[PDB]
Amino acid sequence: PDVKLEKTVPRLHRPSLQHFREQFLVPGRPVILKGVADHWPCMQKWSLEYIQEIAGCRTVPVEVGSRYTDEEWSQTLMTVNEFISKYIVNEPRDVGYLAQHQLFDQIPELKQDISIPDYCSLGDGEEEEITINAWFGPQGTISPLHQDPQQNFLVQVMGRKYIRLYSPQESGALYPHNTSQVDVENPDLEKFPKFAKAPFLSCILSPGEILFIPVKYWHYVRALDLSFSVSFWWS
């Protein structure tokens, strides 16, 4: 998608903690951190076949469908192997996603391949209550526009994701059902008049990069290739 024609998220190579707290965290402004996670072992070490070997056997919850309404999506328990088989390799017809699952409690060994970003300590909370999630799905997975109740560090390990960001002081034009009723990349201009002209920031997130997504900031995600991401929810 055309990102050179959109306002893009600012990228910074290893900004100091102070400059992050003051210019981003406190005011709640997105930023892309560069050269912080890119040498994490996960970056080299996590091929499709690496994961398939070590995790292939474990049972994991799988999203079929997109999350616009509760009734509009469903989950299924299968193995990583069944999942990789049915929704990734060869020619998968339907989409399925391994979203928002805590793989690193299920498999503490993988914890050595990632770190907790230093920037987290600027928050009030304790490292132990930080919620790490895995997001592992094929190209074409869509997580609809919504906001989380915490600060977020989303780390991209494998593949690229297109991400769009609307601030919270912009909720009006987004039409909450929280989560939006708008389809960011195919919007009903008339059902939703106020949306076309709401200001956003966007980005293509690549391997090695971290997107800071400020608490309650609205975000929408579409994967551009086979993808693996790790999120840190923190306060």
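Just count from 1 along the sequence shown to find any residue number. Think of the rigid core as the biggest set of C-alphas that the two forms share within 1.5 Å after superposition.
*Asks:* Fit on the core, then compare CA atoms: does 205 to 213 or 46 to 54 lie farther from this form in 5 other deposited structures of this protein?
*Replies:* With the rigid core superposed, the C-alphas that lie farther in 5 other deposited structures of this protein are those of 46 to 54.
*Asks:* Would you say which of 90 to 98 and 138 to 146 moves more relative to the shown form in 5 other deposited structures of this protein, going by RMS C-alpha distance with the core superposed?
*Replies:* The more displaced stretch in 5 other deposited structures of this protein turns out to be 90 to 98.
*Asks:* Is it true that at least a third of the other compared entries have no coordinates for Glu72?
*Replies:* Per the records, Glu72 goes unmodelled in at least a third of the other entries.
*Asks:* Between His177 and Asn178, what class does the number of missing deposited residues fall in: none, 1 to 3, 4 to 9, or 10 or more?
*Replies:* Per the deposited record, the segment joining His177 and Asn178 lacks coordinates for 4 to 9 residues.
*Asks:* Select between 46 to 54 and 64 to 72 the stretch whose C-alpha atoms have the higher average B-factor in the entry.
*Replies:* The stretch with the larger mean CA B-factor is 64 to 72.
*Asks:* Of the two stretches 144 to 152 and 85 to 93, which shows the higher Cα B-factor on average in the entry?
*Replies:* Between 85 to 93 and 144 to 152, it is 85 to 93 that shows the higher mean C-alpha B-factor.
*Asks:* Once the chain's modelled residues are ordered by C-alpha B factor and cut into thirds, is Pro187 in the lowest, middle or highest one?
*Replies:* Highest third - that is where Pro187 ends up once the chain's C-alpha B-factors are sorted.
*Asks:* Lowest, middle or highest third: where is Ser206 by C-alpha B factor in its chain?
*Replies:* CA B-factor rank for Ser206: lowest third.
*Asks:* Determine, from the deposited record, the chain-internal third of the Cα B-factor for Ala134: lowest, middle or highest.
*Replies:* Ranked within chain, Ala134 CA B lands in the lowest tercile.
*Asks:* Determine, from the deposited record, the chain-internal third of the Cα B-factor for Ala173: lowest, middle or highest.
*Replies:* Top third by C-alpha B-factor.
*Asks:* Place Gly35 in the lowest, middle or highest third of its chain's C-alpha B-factors, as listed in the PDB entry.
*Replies:* Tercile = middle for this residue's CA B-factor.
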